[PDB]
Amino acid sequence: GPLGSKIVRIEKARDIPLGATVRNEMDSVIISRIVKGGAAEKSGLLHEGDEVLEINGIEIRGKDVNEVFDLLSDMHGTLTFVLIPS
């Protein structure tokens, strides 16, 4: 995919985080840690250093991490991530 990206799907429950922290690096959103015991880890599809380009068609690149927190806090169901691997 664009910029050498990849598509991964992960299920999210209402009001339960996936288990991944994010930080801004320049204009990008980067996965800084995979929380042990969370859905993100068990999925084995999200990894530290991954850049998040899109989630459910929403462009994540260019967003402050606080806006990304807001978006995911109320998302649920099948989440479609567009990622650039580390």
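Heads up: residue numbers just count along the shown sequence, starting at 1. Heads up, when I say rigid core I mean the largest set of C-alphas that superpose within 1.5 Å between the two forms.
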Is 6-14 or 20-28 the stretch whose C-alphas end up farther from this model in 4 other deposited structures of this protein after a rigid core fit? 6-14
Quick note on 31-39 and 54-62: per-entry mean CA temperature factor is higher in 31-39
Consider only the C-alpha atoms of the modelled residues in this chain, order them by B-factor as the entry records it, and name the third containing residue 68: lowest, middle or highest. lowest
Ranked against its chain, the third holding the CA B-factor of residue 23: highest
